Amino acid sequence: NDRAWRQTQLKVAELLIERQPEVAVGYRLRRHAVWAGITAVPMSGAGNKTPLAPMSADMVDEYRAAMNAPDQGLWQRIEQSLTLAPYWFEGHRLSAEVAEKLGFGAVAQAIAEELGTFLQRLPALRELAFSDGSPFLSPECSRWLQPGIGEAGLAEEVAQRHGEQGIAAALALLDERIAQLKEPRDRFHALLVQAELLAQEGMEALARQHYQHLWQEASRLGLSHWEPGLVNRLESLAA
Amino acid sequence: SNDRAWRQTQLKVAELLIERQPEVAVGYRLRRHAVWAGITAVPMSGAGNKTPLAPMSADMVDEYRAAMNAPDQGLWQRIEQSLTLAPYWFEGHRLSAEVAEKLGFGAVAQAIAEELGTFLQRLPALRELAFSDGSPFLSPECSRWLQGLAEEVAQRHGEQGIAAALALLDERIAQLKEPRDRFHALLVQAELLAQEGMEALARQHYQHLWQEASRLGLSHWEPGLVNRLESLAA
Amino acid sequence: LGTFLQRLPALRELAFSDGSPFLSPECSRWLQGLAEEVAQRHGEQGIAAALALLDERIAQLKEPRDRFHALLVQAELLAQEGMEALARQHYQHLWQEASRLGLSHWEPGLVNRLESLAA
């Protein structure tokens with residue numbers, strides 16, 4: 001009766017979450033319960049597609065709707081579903097986004113550590129798709145998962161002002177700083193902030209585009225033979 | 001000093017062409033040429049684009065704003081005669097069009113607008129300047145009066161705030177395969193950052209844009225764009 | 001264990017009845033500005049210690065930009081000591097690895113000083 005034991009895990013996870021919903025372990029115990037019996041991916045064929053239809057758009061949209069005014073109640077129905085919709089990897093991205101907005105960084109964190117785990121157990125999943133052809137793992141769902149001294153001296157000096165006033169002022173500051181810089185290295189750092197800043201406001205395409213021009217502008221300057229760590233991240237970012 | 005009489009001449013005839021027919025454009029249109037043709041290049045800006053020119057006495061303007069609900073032909077004449085002595089006071093040219101739009105002179109307002117639009121397109125440097133007391137040449141509600149990407153985006157920048165625009169710019173890039181498209185998209189991002197008031201951040205974006213064009217060899221292919229980009233980085 | 005320690009910062013500092021710490025400095029490792037540091041080590045032990053310390057630092061410094069300061073350290077050290085000759089020598093083989101790596105197009109202060117602080 002793996003079935004019954006699996007109940008029990010969930011039961012304990014329900015309760016753990018109920019008692020402490022800012023604390024990972026319950027979330028973790030559930031993922032397990034849900035992805036226990038799974039030993040090898042579902043039978044696929046034409047275009048990697050699987051005989052399993054995706055999450056009811058209606059349903060997904062409705063969830064994406066609530067996001068602006070999210071509560072501890074939303075988060076529960078999301079989760080209820082990804083307990084019944086094993087492979088819905090996009091919902092594990094929501095759960096993480098929701099949780100992060102409700103104030104639970106650590107749980108978001110965990111939701112993902114545990115997913116990345118599942119994908120290393122059976123990576124065939126990173127390629128599979130639902131009978132409608134849509135991917136088990138989107139590209140925005142996969143960038144999610146993949147992981148200076150004076151650089152952070154401003155970046156942290158700014159992401160602070162990005163919290164007191166909004167993005168508008170964040171940039172406003174970034175500007176007034178740059179006007180008083182001589183060294184290109186610094187000015188390149190600034191522009192680098194601008195990108196990171198847009199990343200946190202939800203500008204995945206506009207941010208990435210700055211990384212592209214920052215990686216090449218660096219590689220062009222031959223920083224692979226001096227300060228290659230900078231260049232190596234820049235490369236990872238621009239994906 | 002002889003083109004003094006020539007300008008006055010152009011005005012008298014304007015005065016007349018309107019007296020005889022207040023519902024017909026040309027009169028008003030000539031009045032413009034009397035005032036803006038002598039203007040060949042913009043005035044010397046200083047501390048925050050303040051040009052050493054005084055503005056329209058706010059009291060004298062309040063008065064015109066007062067009268068706006070109950071508008072007569074005598075009001076309209078004083079707006080216009082004022083906007084004859086304060087060449088760059090573009091708010092007057094909105095007030096004239098509003099006066100004219102209520103008084104049923106629908107194609108005159110249109111004209112009053114097209115003619116400004118013309119002048120601004122000629123010396124676009126004016127859009128950003130302002131008077132000694134920092135009151136804008138092209139004012140807030142006046143640029144709204146005269147309004148595919150920088151088209152659609154700076155449209156969204158005025159309606160919603162800046163973030164909504166940046167938000168859109170983002171979802172446009174999402175589909176812009178060819179580097180030309182992308183290059184423009186980042187070019188907009190820059191314009192928009194100057195339109196929000198961070199000059200040096202846009203300058204820094206323009207510097208890397210021209211140096212990127214120059215290196216792609218666009219000077220022998222879209223030299224217009226590369227020579228615009230060049231000055232914007234001064 | 002990292003979290004449990006992060007939930008209560010005090011548990012680290014504590015010790016049992018017998019004064020034996022809850023968390024050893026051995027266990028804390030299981031979980032967890034050079035000229036500033038070492039230019040004072042020169043006032044204490046002699047110049048010979050200032051170099052012995054500089055050695056253990058460069059043991060791990062995978063970024064050559066760090067190292068260039070680490071050799072810029074070895075330069076500063078000898079310069080202040082009185083050895084003005086072996087000094088300028090070191091500031092030449094540094095100034096030229098700059099013009100080589102293209103540092104007039106990046107961090108060009110470093111350069112402009114390095115030249116008049118060598119010729």
# chains A, B, ... in the order shown; residues from 1 in each chain; ligands from 1
call {"tool": "interface_residues", "arguments": {"of": "chain B", "to": "chain A", "cutoff": "10 Å", "atoms": "only C-alpha atoms", "output": "PDB file with N, CA and C atoms, in the first residue's frame"}}
result
ATOM      1  N   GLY B 161       2.737  55.175 -16.679  1.00  0.00           N
ATOM      2  CA  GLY B 161       4.047  55.751 -16.345  1.00  0.00           C
ATOM      3  C   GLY B 161       5.216  55.187 -17.160  1.00  0.00           C
ATOM      4  N   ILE B 162       6.430  55.410 -16.663  1.00  0.00           N
ATOM      5  CA  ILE B 162       7.603  54.883 -17.333  1.00  0.00           C
ATOM      6  C   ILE B 162       7.674  53.355 -17.260  1.00  0.00           C
ATOM      7  N   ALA B 163       7.447  52.782 -16.095  1.00  0.00           N
ATOM      8  CA  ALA B 163       7.552  51.345 -15.981  1.00  0.00           C
ATOM      9  C   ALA B 163       6.649  50.613 -16.985  1.00  0.00           C
ATOM     10  N   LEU B 166       8.609  50.522 -20.204  1.00  0.00           N
ATOM     11  CA  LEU B 166       9.706  49.569 -20.086  1.00  0.00           C
ATOM     12  C   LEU B 166       9.150  48.169 -20.103  1.00  0.00           C
ATOM     13  N   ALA B 167       7.995  47.998 -19.500  1.00  0.00           N
ATOM     14  CA  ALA B 167       7.359  46.707 -19.486  1.00  0.00           C
ATOM     15  C   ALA B 167       7.017  46.253 -20.874  1.00  0.00           C
ATOM     16  N   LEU B 168       6.521  47.170 -21.705  1.00  0.00           N
ATOM     17  CA  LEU B 168       6.151  46.847 -23.091  1.00  0.00           C
ATOM     18  C   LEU B 168       7.396  46.605 -23.917  1.00  0.00           C
ATOM     19  N   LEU B 169       8.305  47.574 -23.879  1.00  0.00           N
ATOM     20  CA  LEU B 169       9.542  47.465 -24.628  1.00  0.00           C
ATOM     21  C   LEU B 169      10.011  46.036 -24.447  1.00  0.00           C
ATOM     22  N   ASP B 170      10.017  45.569 -23.200  1.00  0.00           N
ATOM     23  CA  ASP B 170      10.338  44.185 -22.893  1.00  0.00           C
ATOM     24  C   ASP B 170       9.580  43.174 -23.767  1.00  0.00           C
ATOM     25  N   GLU B 171       8.254  43.150 -23.711  1.00  0.00           N
ATOM     26  CA  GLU B 171       7.492  42.141 -24.458  1.00  0.00           C
ATOM     27  C   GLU B 171       7.581  42.284 -25.975  1.00  0.00           C
ATOM     28  N   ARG B 172       8.131  43.398 -26.470  1.00  0.00           N
ATOM     29  CA  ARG B 172       8.381  43.568 -27.917  1.00  0.00           C
ATOM     30  C   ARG B 172       9.661  42.819 -28.308  1.00  0.00           C
ATOM     31  N   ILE B 173      10.730  43.085 -27.570  1.00  0.00           N
ATOM     32  CA  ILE B 173      11.983  42.397 -27.780  1.00  0.00           C
ATOM     33  C   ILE B 173      11.743  40.901 -27.852  1.00  0.00           C
ATOM     34  N   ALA B 174      10.924  40.370 -26.954  1.00  0.00           N
ATOM     35  CA  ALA B 174      10.545  38.952 -26.973  1.00  0.00           C
ATOM     36  C   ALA B 174      10.429  38.368 -28.401  1.00  0.00           C
ATOM     37  N   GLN B 175       9.979  39.154 -29.386  1.00  0.00           N
ATOM     38  CA  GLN B 175      10.020  38.728 -30.806  1.00  0.00           C
ATOM     39  C   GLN B 175      10.720  39.792 -31.662  1.00  0.00           C
ATOM     40  N   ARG B 182      16.463  44.510 -32.892  1.00  0.00           N
ATOM     41  CA  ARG B 182      16.969  44.559 -31.526  1.00  0.00           C
ATOM     42  C   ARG B 182      17.747  45.820 -31.276  1.00  0.00           C
ATOM     43  N   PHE B 183      18.588  46.198 -32.231  1.00  0.00           N
ATOM     44  CA  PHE B 183      19.384  47.399 -32.067  1.00  0.00           C
ATOM     45  C   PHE B 183      18.449  48.590 -31.870  1.00  0.00           C
ATOM     46  N   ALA B 185      15.310  48.475 -30.806  1.00  0.00           N
ATOM     47  CA  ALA B 185      14.669  48.279 -29.507  1.00  0.00           C
ATOM     48  C   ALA B 185      15.510  48.846 -28.364  1.00  0.00           C
ATOM     49  N   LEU B 186      16.821  48.643 -28.377  1.00  0.00           N
ATOM     50  CA  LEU B 186      17.677  49.227 -27.322  1.00  0.00           C
ATOM     51  C   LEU B 186      17.849  50.723 -27.509  1.00  0.00           C
ATOM     52  N   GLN B 189      14.824  52.178 -25.799  1.00  0.00           N
ATOM     53  CA  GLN B 189      15.090  52.127 -24.378  1.00  0.00           C
ATOM     54  C   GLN B 189      15.892  53.349 -23.978  1.00  0.00           C
ATOM     55  N   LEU B 193      14.654  56.750 -21.688  1.00  0.00           N
ATOM     56  CA  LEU B 193      15.331  57.099 -20.446  1.00  0.00           C
ATOM     57  C   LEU B 193      15.704  58.562 -20.443  1.00  0.00           C
ATOM     58  N   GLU B 196      12.393  60.390 -19.542  1.00  0.00           N
ATOM     59  CA  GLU B 196      12.043  60.299 -18.136  1.00  0.00           C
ATOM     60  C   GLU B 196      12.970  61.201 -17.326  1.00  0.00           C
ATOM     61  N   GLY B 197      14.039  61.718 -17.933  1.00  0.00           N
ATOM     62  CA  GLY B 197      14.897  62.686 -17.242  1.00  0.00           C
ATOM     63  C   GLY B 197      16.285  62.265 -16.802  1.00  0.00           C
ATOM     64  N   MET B 198      16.638  61.002 -17.031  1.00  0.00           N
ATOM     65  CA  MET B 198      17.999  60.537 -16.742  1.00  0.00           C
ATOM     66  C   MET B 198      18.790  60.603 -18.050  1.00  0.00           C
ATOM     67  N   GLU B 199      19.505  61.716 -18.177  1.00  0.00           N
ATOM     68  CA  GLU B 199      20.274  62.071 -19.367  1.00  0.00           C
ATOM     69  C   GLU B 199      21.531  61.216 -19.507  1.00  0.00           C
ATOM     70  N   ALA B 200      22.353  61.233 -18.463  1.00  0.00           N
ATOM     71  CA  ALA B 200      23.612  60.509 -18.450  1.00  0.00           C
ATOM     72  C   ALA B 200      23.458  58.995 -18.595  1.00  0.00           C
ATOM     73  N   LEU B 201      22.366  58.412 -18.106  1.00  0.00           N
ATOM     74  CA  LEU B 201      22.176  56.976 -18.297  1.00  0.00           C
ATOM     75  C   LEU B 201      21.886  56.686 -19.771  1.00  0.00           C
ATOM     76  N   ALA B 202      21.156  57.582 -20.432  1.00  0.00           N
ATOM     77  CA  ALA B 202      20.857  57.422 -21.863  1.00  0.00           C
ATOM     78  C   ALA B 202      22.106  57.673 -22.717  1.00  0.00           C
ATOM     79  N   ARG B 203      22.888  58.692 -22.341  1.00  0.00           N
ATOM     80  CA  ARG B 203      24.155  59.039 -23.006  1.00  0.00           C
ATOM     81  C   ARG B 203      25.017  57.791 -23.036  1.00  0.00           C
ATOM     82  N   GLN B 204      25.199  57.176 -21.861  1.00  0.00           N
ATOM     83  CA  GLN B 204      25.995  55.944 -21.709  1.00  0.00           C
ATOM     84  C   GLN B 204      25.428  54.829 -22.599  1.00  0.00           C
ATOM     85  N   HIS B 205      24.110  54.785 -22.760  1.00  0.00           N
ATOM     86  CA  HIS B 205      23.505  53.823 -23.673  1.00  0.00           C
ATOM     87  C   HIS B 205      23.751  54.206 -25.123  1.00  0.00           C
ATOM     88  N   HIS B 208      27.713  53.317 -26.272  1.00  0.00           N
ATOM     89  CA  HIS B 208      27.829  51.891 -26.668  1.00  0.00           C
ATOM     90  C   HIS B 208      27.015  51.533 -27.942  1.00  0.00           C
ATOM     91  N   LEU B 209      26.031  52.343 -28.322  1.00  0.00           N
ATOM     92  CA  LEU B 209      25.216  52.107 -29.528  1.00  0.00           C
ATOM     93  C   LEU B 209      25.857  52.558 -30.849  1.00  0.00           C
ATOM     94  N   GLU B 212      28.888  50.558 -31.478  1.00  0.00           N
ATOM     95  CA  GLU B 212      28.440  49.237 -31.940  1.00  0.00           C
ATOM     96  C   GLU B 212      28.074  49.306 -33.414  1.00  0.00           C
TER      97      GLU B 212
END
call {"tool": "interface_residues", "arguments": {"of": "chain A", "to": "chain C", "cutoff": "6 Å", "atoms": "only C-alpha atoms", "output": "JSON, numbers by chain"}}
result
{"A": [183, 184, 185, 226, 227]}
call {"tool": "closest_residue", "arguments": {"among": "B:98, B:21, B:213, B:144", "to": "residue 159 in chain B", "atoms": "only C-alpha atoms"}}
result
B:144
call {"tool": "residues_around", "arguments": {"residues": "residue 86 in chain C", "least_positions_apart": "6", "cutoff": "10 Å", "atoms": "only C-alpha atoms", "output": "count of residues only"}}
result
3
call {"tool": "closest_residue", "arguments": {"among": "C:6, C:74, C:99, C:69", "to": "residue 31 in chain C", "atoms": "only C-alpha atoms"}}
result
C:6
call {"tool": "decode", "arguments": {"residues": "range 54-76 of chain B", "atoms": "N, CA and C atoms", "output": "mmCIF file, in the first residue's frame"}}
result
data_model
loop_
_atom_site.group_PDB
_atom_site.id
_atom_site.type_symbol
_atom_site.label_atom_id
_atom_site.label_comp_id
_atom_site.auth_asym_id
_atom_site.auth_seq_id
_atom_site.Cartn_x
_atom_site.Cartn_y
_atom_site.Cartn_z
ATOM 1 N N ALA B 54 12.515 85.390 -20.772
ATOM 2 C CA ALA B 54 11.407 85.457 -19.822
ATOM 3 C C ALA B 54 10.152 84.727 -20.387
ATOM 4 N N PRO B 55 9.141 84.440 -19.537
ATOM 5 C CA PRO B 55 7.938 83.740 -19.987
ATOM 6 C C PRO B 55 6.707 84.599 -19.920
ATOM 7 N N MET B 56 5.572 83.997 -20.222
ATOM 8 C CA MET B 56 4.318 84.737 -20.176
ATOM 9 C C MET B 56 3.875 84.942 -18.727
ATOM 10 N N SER B 57 3.765 86.217 -18.288
ATOM 11 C CA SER B 57 3.333 86.543 -16.902
ATOM 12 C C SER B 57 2.188 85.633 -16.498
ATOM 13 N N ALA B 58 2.462 84.693 -15.589
ATOM 14 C CA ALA B 58 1.470 83.711 -15.152
ATOM 15 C C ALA B 58 0.092 84.333 -14.861
ATOM 16 N N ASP B 59 0.053 85.565 -14.331
ATOM 17 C CA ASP B 59 -1.223 86.253 -14.074
ATOM 18 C C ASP B 59 -1.944 86.495 -15.398
ATOM 19 N N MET B 60 -1.214 87.043 -16.358
ATOM 20 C CA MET B 60 -1.774 87.301 -17.671
ATOM 21 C C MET B 60 -2.298 85.964 -18.253
ATOM 22 N N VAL B 61 -1.640 84.847 -17.962
ATOM 23 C CA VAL B 61 -2.092 83.535 -18.450
ATOM 24 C C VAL B 61 -3.277 83.031 -17.670
ATOM 25 N N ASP B 62 -3.238 83.193 -16.343
ATOM 26 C CA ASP B 62 -4.350 82.763 -15.491
ATOM 27 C C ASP B 62 -5.622 83.356 -16.089
ATOM 28 N N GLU B 63 -5.566 84.657 -16.360
ATOM 29 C CA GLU B 63 -6.679 85.400 -16.942
ATOM 30 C C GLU B 63 -7.266 84.628 -18.148
ATOM 31 N N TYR B 64 -6.398 84.169 -19.058
ATOM 32 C CA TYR B 64 -6.833 83.428 -20.261
ATOM 33 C C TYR B 64 -7.423 82.077 -19.913
ATOM 34 N N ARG B 65 -6.876 81.470 -18.865
ATOM 35 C CA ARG B 65 -7.368 80.206 -18.357
ATOM 36 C C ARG B 65 -8.723 80.451 -17.715
ATOM 37 N N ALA B 66 -8.887 81.642 -17.133
ATOM 38 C CA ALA B 66 -10.152 82.016 -16.504
ATOM 39 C C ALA B 66 -11.220 81.948 -17.555
ATOM 40 N N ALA B 67 -11.052 82.797 -18.558
ATOM 41 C CA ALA B 67 -12.023 82.937 -19.608
ATOM 42 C C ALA B 67 -12.369 81.680 -20.391
ATOM 43 N N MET B 68 -11.519 80.674 -20.357
ATOM 44 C CA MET B 68 -11.727 79.471 -21.171
ATOM 45 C C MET B 68 -13.119 78.815 -21.195
ATOM 46 N N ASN B 69 -13.865 78.838 -20.092
ATOM 47 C CA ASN B 69 -15.189 78.185 -20.103
ATOM 48 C C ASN B 69 -16.187 78.958 -20.985
ATOM 49 N N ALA B 70 -16.203 80.286 -20.871
ATOM 50 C CA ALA B 70 -17.070 81.167 -21.681
ATOM 51 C C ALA B 70 -16.165 81.917 -22.658
ATOM 52 N N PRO B 71 -15.957 81.340 -23.858
ATOM 53 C CA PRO B 71 -14.997 81.915 -24.789
ATOM 54 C C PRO B 71 -15.602 82.776 -25.919
ATOM 55 N N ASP B 72 -15.009 83.942 -26.122
ATOM 56 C CA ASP B 72 -15.454 84.835 -27.157
ATOM 57 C C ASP B 72 -14.327 85.063 -28.159
ATOM 58 N N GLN B 73 -14.671 85.781 -29.223
ATOM 59 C CA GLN B 73 -13.766 86.129 -30.310
ATOM 60 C C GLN B 73 -12.724 87.154 -29.852
ATOM 61 N N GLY B 74 -13.072 87.949 -28.846
ATOM 62 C CA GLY B 74 -12.176 88.978 -28.322
ATOM 63 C C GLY B 74 -11.075 88.394 -27.474
ATOM 64 N N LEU B 75 -11.378 87.268 -26.833
ATOM 65 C CA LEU B 75 -10.400 86.520 -26.042
ATOM 66 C C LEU B 75 -9.337 86.014 -27.014
ATOM 67 N N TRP B 76 -9.822 85.207 -27.965
ATOM 68 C CA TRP B 76 -9.032 84.586 -29.005
ATOM 69 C C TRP B 76 -8.054 85.537 -29.628
#
